[PDB]
Structure formats: structure tokens, C-alpha cells
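Starting off, we have a lone chain in the form deposited in one PDB entry, written out as C-alpha cells.
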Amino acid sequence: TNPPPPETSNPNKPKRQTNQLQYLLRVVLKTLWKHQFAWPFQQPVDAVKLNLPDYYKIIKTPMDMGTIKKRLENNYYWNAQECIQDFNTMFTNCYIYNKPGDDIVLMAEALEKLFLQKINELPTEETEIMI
């Protein structure tokens, strides 16, 4: 039984935009979304169809780049560091659930190695954007 996808909207929670959140959605995500191994992390993990035992019991915070992307388009994140946590949650969940060295781990590691390179290009200073 797969739970509903994580909320990408917050009808009671602050809606905000940033030149850093702008660089994330328009640069680092495009570069990640077009990566060779970026297809398993474009949507929520289908544990039932993949028959991953006790996945949602081991993984308390299921996350994926499809959820992260829609959150960037709905100004779900207050700042950029909040968005970097969803990427760290996504990667670590794969490292916690799978054997070190497996294909799915290697694909998240290469995807993460590029992510750490890309976010290092974000603006050091945070400036709001007129949303």
C-alpha cells in the first residue's frame, strides 16, 4: 500500500521565493533531471510494484525529484537549504535501504556527486523574488 505522494502545497504555511531557489529550479534540477541515472528518482518509489520489503517502515520520509520539482514550482520551500534537505533525504534513503555497491546505489551516488557540484554554484547571498 503506497501512501499518497508528499505534499507539494502548503495552504497554511509560508510561500516564499529566492534567487537561490531560482537557481535550483532553473539550473541544478535541469542538469539533474537530464542525467543518465535520473529516471528512478523522477517519481515516488513504487515499493509495491517493486516489492521492496518494509520500505515505508524503514524509510520514514519518502522523497523524489518529482516531488522536489513541484515543490520548487509552488514555492513550498522557504529557503534553498530547505530544498537541499529533500535531496539529502532522497539520496540517504537509497543508501539506507540498499546494499552498498548495488546498481540503484551507484546511480544515486553519481546523481549525488553531480548535485553537490551544482549547488556549489548557487548565489552566496540570498535575495527575495517578487512572488
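Don't overthink the numbering: it's just position in the shown sequence, from 1. If you superpose the two forms and keep the largest set of C-alpha atoms that fall within 1.5 Å, you have the rigid core.
Asks: Check the entry's C-alpha temperature factors for 70 to 78 and 28 to 36, then say which stretch has the higher mean.
Replies: The stretch with the larger average C-alpha B-factor is 70 to 78.
Asks: Tell me which stretch has the larger mean Cα B-factor in this entry, 17 to 25 or 103 to 111.
Replies: Going by the record's values, the stretch with the higher mean is 17 to 25.
Asks: Lowest, middle or highest third: where is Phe41 by C-alpha B factor in its chain?
Replies: Lowest third - that is where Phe41 ends up once the chain's C-alpha B-factors are sorted.
Asks: Which third of the chain holds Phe91 when residues are ordered by C-alpha B factor: lowest, middle or highest?
Replies: Within its chain, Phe91 is a lowest-third residue by C-alpha B-factor, going by the deposited values.
A second form of this protein, the form deposited in another entry, is not displayed here; the remarks below concern that form.
Asks: So which one of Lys99, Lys34, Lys49, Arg26 actually moves, Cα shift of 2 Å or more between the shown form and the other one once the core is superposed?
Replies: Only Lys49 moves by 2 Å or more at its C-alpha.
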